[PDB]
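**Student:** Please see the structure below; I have some questions.
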Amino acid sequence: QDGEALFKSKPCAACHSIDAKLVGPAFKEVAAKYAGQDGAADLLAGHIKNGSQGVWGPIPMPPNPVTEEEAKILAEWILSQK
Ligand code: HEC
């Protein structure tokens, strides 16, 4: 759950829904794509700070108040969302 925590303090929800979709890929659709995709959460974490674009919607995603460990955990949790 180390991901739910950060995701809770991080507005990642206002745009990333786990049961719905807003601006970014719904954590549920994101996990299904990068599910058990070890190594992917690491690449996604970079998109969190360096923003992401081209993996889902045409609109890129600005960086967030998160950090390295704050992005990785979110990456491993988003990919292993359970
Ligand atoms: C709306 C302003 C968003 C907020 C707030 C957050 N994210 Fe986001 N994210 C958003 C979009 C539109 C996209 C798709 C970008 C694309 O073109 O593919 C994303 C994507 C991600 C991804 C996936 C990156 C990839 O290359 O696949 C991750 C891992 C991600 N977002 C993480 C993330 C986190 C941790 C957030 C809270 C700090 C967060 N996003 C907020 C839009 C928005």
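Residue numbers start at 1 in each chain; chains themselves are named A, B, ... in the order of the structure tokens; ligands are numbered from 1 in the order shown.
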Show me which residues line ligand 1, defined as having an atom within 7 Å of a ligand atom where only C-alpha atoms and all ligand atoms count, and present them as JSON, numbers by chain.
**Tutor:** {"A": [7, 10, 11, 12, 13, 14, 15, 16, 23, 24, 25, 41, 43, 44, 45, 47, 48, 52, 53, 54, 55, 56, 57, 58, 59, 60, 61, 62, 64, 65, 66, 71, 74, 75]}
**Student:** Would you write out those residues with N, CA and C atoms, as an mmCIF file, in the first residue's frame?
**Tutor:**
data_model
loop_
_atom_site.group_PDB
_atom_site.id
_atom_site.type_symbol
_atom_site.label_atom_id
_atom_site.label_comp_id
_atom_site.auth_asym_id
_atom_site.auth_seq_id
_atom_site.Cartn_x
_atom_site.Cartn_y
_atom_site.Cartn_z
ATOM 1 N N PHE A 7 0.068 8.347 -3.206
ATOM 2 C CA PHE A 7 -1.030 8.751 -4.121
ATOM 3 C C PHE A 7 -2.082 9.540 -3.343
ATOM 4 N N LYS A 10 -0.550 12.877 -2.826
ATOM 5 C CA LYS A 10 -0.287 13.454 -4.163
ATOM 6 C C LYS A 10 -1.593 13.519 -4.945
ATOM 7 N N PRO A 11 -1.885 14.678 -5.460
ATOM 8 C CA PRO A 11 -3.107 14.904 -6.241
ATOM 9 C C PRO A 11 -3.206 13.919 -7.412
ATOM 10 N N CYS A 12 -2.285 12.994 -7.498
ATOM 11 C CA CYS A 12 -2.332 12.012 -8.610
ATOM 12 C C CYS A 12 -3.763 11.530 -8.830
ATOM 13 N N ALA A 13 -4.584 11.633 -7.823
ATOM 14 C CA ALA A 13 -5.993 11.176 -7.979
ATOM 15 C C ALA A 13 -6.799 12.181 -8.803
ATOM 16 N N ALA A 14 -6.710 13.436 -8.458
ATOM 17 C CA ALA A 14 -7.472 14.465 -9.219
ATOM 18 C C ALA A 14 -7.381 14.198 -10.721
ATOM 19 N N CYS A 15 -6.352 13.515 -11.142
ATOM 20 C CA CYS A 15 -6.214 13.228 -12.597
ATOM 21 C C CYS A 15 -6.159 11.717 -12.848
ATOM 22 N N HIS A 16 -5.587 10.982 -11.932
ATOM 23 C CA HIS A 16 -5.498 9.505 -12.117
ATOM 24 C C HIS A 16 -6.496 8.779 -11.222
ATOM 25 N N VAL A 23 -7.572 12.809 -16.423
ATOM 26 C CA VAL A 23 -6.571 13.365 -17.360
ATOM 27 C C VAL A 23 -5.598 12.266 -17.773
ATOM 28 N N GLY A 24 -5.067 11.565 -16.809
ATOM 29 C CA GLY A 24 -4.108 10.474 -17.133
ATOM 30 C C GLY A 24 -4.850 9.138 -17.152
ATOM 31 N N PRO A 25 -4.129 8.103 -17.475
ATOM 32 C CA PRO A 25 -4.687 6.746 -17.539
ATOM 33 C C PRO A 25 -5.178 6.311 -16.160
ATOM 34 N N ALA A 41 7.602 0.394 -13.950
ATOM 35 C CA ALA A 41 7.374 1.419 -12.899
ATOM 36 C C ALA A 41 8.591 2.335 -12.806
ATOM 37 N N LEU A 43 10.547 3.267 -15.240
ATOM 38 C CA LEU A 43 10.500 4.235 -16.365
ATOM 39 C C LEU A 43 9.359 5.222 -16.141
ATOM 40 N N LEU A 44 8.302 4.766 -15.530
ATOM 41 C CA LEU A 44 7.156 5.676 -15.280
ATOM 42 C C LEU A 44 7.557 6.717 -14.240
ATOM 43 N N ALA A 45 8.292 6.297 -13.245
ATOM 44 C CA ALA A 45 8.716 7.262 -12.199
ATOM 45 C C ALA A 45 9.418 8.446 -12.855
ATOM 46 N N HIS A 47 8.833 9.624 -15.723
ATOM 47 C CA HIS A 47 7.795 10.448 -16.386
ATOM 48 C C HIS A 47 7.100 11.331 -15.353
ATOM 49 N N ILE A 48 7.040 10.872 -14.133
ATOM 50 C CA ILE A 48 6.377 11.684 -13.079
ATOM 51 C C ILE A 48 7.107 13.014 -12.912
ATOM 52 N N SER A 52 5.144 13.099 -18.504
ATOM 53 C CA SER A 52 4.985 11.971 -19.458
ATOM 54 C C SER A 52 4.082 12.393 -20.614
ATOM 55 N N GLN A 53 4.211 11.734 -21.732
ATOM 56 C CA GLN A 53 3.360 12.095 -22.895
ATOM 57 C C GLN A 53 3.637 11.145 -24.056
ATOM 58 N N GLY A 54 2.605 10.565 -24.605
ATOM 59 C CA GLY A 54 2.811 9.627 -25.742
ATOM 60 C C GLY A 54 2.520 8.197 -25.280
ATOM 61 N N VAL A 55 2.437 8.000 -23.992
ATOM 62 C CA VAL A 55 2.158 6.643 -23.474
ATOM 63 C C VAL A 55 0.654 6.455 -23.316
ATOM 64 N N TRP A 56 -0.064 7.542 -23.263
ATOM 65 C CA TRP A 56 -1.535 7.435 -23.107
ATOM 66 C C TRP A 56 -2.234 8.530 -23.911
ATOM 67 N N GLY A 57 -2.440 9.668 -23.302
ATOM 68 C CA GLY A 57 -3.119 10.775 -24.031
ATOM 69 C C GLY A 57 -2.077 11.675 -24.700
ATOM 70 N N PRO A 58 -2.535 12.464 -25.634
ATOM 71 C CA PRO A 58 -1.668 13.390 -26.374
ATOM 72 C C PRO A 58 -1.168 14.504 -25.454
ATOM 73 N N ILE A 59 -1.931 14.820 -24.443
ATOM 74 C CA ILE A 59 -1.504 15.894 -23.513
ATOM 75 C C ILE A 59 -0.481 15.352 -22.517
ATOM 76 N N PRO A 60 0.678 15.954 -22.516
ATOM 77 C CA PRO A 60 1.766 15.552 -21.616
ATOM 78 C C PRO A 60 1.342 15.734 -20.159
ATOM 79 N N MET A 61 2.202 15.380 -19.243
ATOM 80 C CA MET A 61 1.844 15.535 -17.808
ATOM 81 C C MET A 61 2.968 16.252 -17.065
ATOM 82 N N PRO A 62 2.653 17.408 -16.547
ATOM 83 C CA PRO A 62 3.622 18.221 -15.802
ATOM 84 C C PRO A 62 4.131 17.454 -14.581
ATOM 85 N N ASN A 64 5.329 16.634 -10.678
ATOM 86 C CA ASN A 64 4.501 16.748 -9.449
ATOM 87 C C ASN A 64 5.397 16.988 -8.237
ATOM 88 N N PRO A 65 4.788 17.393 -7.156
ATOM 89 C CA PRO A 65 5.508 17.668 -5.906
ATOM 90 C C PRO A 65 6.135 16.386 -5.355
ATOM 91 N N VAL A 66 6.084 15.328 -6.115
ATOM 92 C CA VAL A 66 6.678 14.054 -5.634
ATOM 93 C C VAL A 66 8.186 14.077 -5.830
ATOM 94 N N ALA A 71 8.171 8.791 -6.301
ATOM 95 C CA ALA A 71 7.669 8.397 -7.644
ATOM 96 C C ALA A 71 7.829 6.893 -7.848
ATOM 97 N N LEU A 74 5.253 4.897 -6.177
ATOM 98 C CA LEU A 74 3.992 5.111 -6.925
ATOM 99 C C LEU A 74 4.042 4.294 -8.202
ATOM 100 N N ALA A 75 5.222 4.139 -8.720
ATOM 101 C CA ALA A 75 5.381 3.357 -9.969
ATOM 102 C C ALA A 75 5.181 1.874 -9.669
#
**Student:** For residue 32 (chain A), list every protein, DNA or RNA residue within 9 Å, evaluated using only C-alpha atoms, and leave out those in the same chain fewer than 3 positions away; present the list as a list in words.
**Tutor:** residues 27, 28, 29, 35, 36, 79, 80 and 81 of chain A
**Student:** Using the selection just defined, write its residues with C-alpha atoms as a PDB file, in the first residue's frame.
**Tutor:**
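Just written: part.pdb:
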ATOM      1  CA  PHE A  27      -4.584   3.566 -12.318  1.00  0.00           C
ATOM      2  CA  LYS A  28      -6.715   0.512 -13.098  1.00  0.00           C
ATOM      3  CA  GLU A  29      -6.061   0.788 -16.832  1.00  0.00           C
ATOM      4  CA  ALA A  35       0.871  -5.078 -14.627  1.00  0.00           C
ATOM      5  CA  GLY A  36       3.655  -7.375 -13.415  1.00  0.00           C
ATOM      6  CA  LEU A  79       2.080  -1.324 -11.761  1.00  0.00           C
ATOM      7  CA  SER A  80       1.263  -3.737  -8.940  1.00  0.00           C
ATOM      8  CA  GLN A  81      -1.989  -2.025  -7.947  1.00  0.00           C
TER       9      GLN A  81
END
**Student:** I'd like to know which residues of chain A are alpha helix (DSSP H) (by DSSP, run on the backbone); could you write them as number ranges by chain?
**Tutor:** A: 2-9, 12-15, 27-33, 40-49, 68-79
**Student:** Write the residues you've just listed into a file as an mmCIF file, in the first residue's frame, and include C-alpha atoms for each of them.
**Tutor:**
data_model
loop_
_atom_site.group_PDB
_atom_site.id
_atom_site.type_symbol
_atom_site.label_atom_id
_atom_site.label_comp_id
_atom_site.auth_asym_id
_atom_site.auth_seq_id
_atom_site.Cartn_x
_atom_site.Cartn_y
_atom_site.Cartn_z
ATOM 1 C CA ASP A 2 3.067 2.250 0.089
ATOM 2 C CA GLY A 3 1.564 3.544 -3.163
ATOM 3 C CA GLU A 4 -1.904 4.430 -1.861
ATOM 4 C CA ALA A 5 -0.263 6.620 0.780
ATOM 5 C CA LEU A 6 1.796 8.780 -1.577
ATOM 6 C CA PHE A 7 -1.030 8.751 -4.121
ATOM 7 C CA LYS A 8 -3.172 10.040 -1.248
ATOM 8 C CA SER A 9 -0.918 12.997 -0.457
ATOM 9 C CA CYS A 12 -2.332 12.012 -8.610
ATOM 10 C CA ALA A 13 -5.993 11.176 -7.979
ATOM 11 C CA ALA A 14 -7.472 14.465 -9.219
ATOM 12 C CA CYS A 15 -6.214 13.228 -12.597
ATOM 13 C CA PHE A 27 -4.584 3.566 -12.318
ATOM 14 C CA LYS A 28 -6.715 0.512 -13.098
ATOM 15 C CA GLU A 29 -6.061 0.788 -16.832
ATOM 16 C CA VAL A 30 -2.455 1.711 -16.118
ATOM 17 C CA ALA A 31 -1.876 -1.282 -13.873
ATOM 18 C CA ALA A 32 -3.479 -3.641 -16.392
ATOM 19 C CA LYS A 33 -1.062 -2.316 -19.007
ATOM 20 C CA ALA A 40 8.191 -0.314 -16.185
ATOM 21 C CA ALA A 41 7.374 1.419 -12.899
ATOM 22 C CA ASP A 42 10.980 2.627 -12.953
ATOM 23 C CA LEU A 43 10.500 4.235 -16.365
ATOM 24 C CA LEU A 44 7.156 5.676 -15.280
ATOM 25 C CA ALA A 45 8.716 7.262 -12.199
ATOM 26 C CA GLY A 46 10.918 9.292 -14.548
ATOM 27 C CA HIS A 47 7.795 10.448 -16.386
ATOM 28 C CA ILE A 48 6.377 11.684 -13.079
ATOM 29 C CA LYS A 49 9.176 14.223 -12.643
ATOM 30 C CA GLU A 68 12.416 9.874 -6.513
ATOM 31 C CA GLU A 69 11.325 7.513 -3.753
ATOM 32 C CA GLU A 70 7.925 9.209 -3.936
ATOM 33 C CA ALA A 71 7.669 8.397 -7.644
ATOM 34 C CA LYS A 72 9.157 4.896 -7.646
ATOM 35 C CA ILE A 73 6.832 3.554 -4.959
ATOM 36 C CA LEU A 74 3.992 5.111 -6.925
ATOM 37 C CA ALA A 75 5.381 3.357 -9.969
ATOM 38 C CA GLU A 76 5.696 -0.054 -8.319
ATOM 39 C CA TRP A 77 2.295 0.411 -6.685
ATOM 40 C CA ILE A 78 0.679 1.676 -9.887
ATOM 41 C CA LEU A 79 2.080 -1.324 -11.761
#
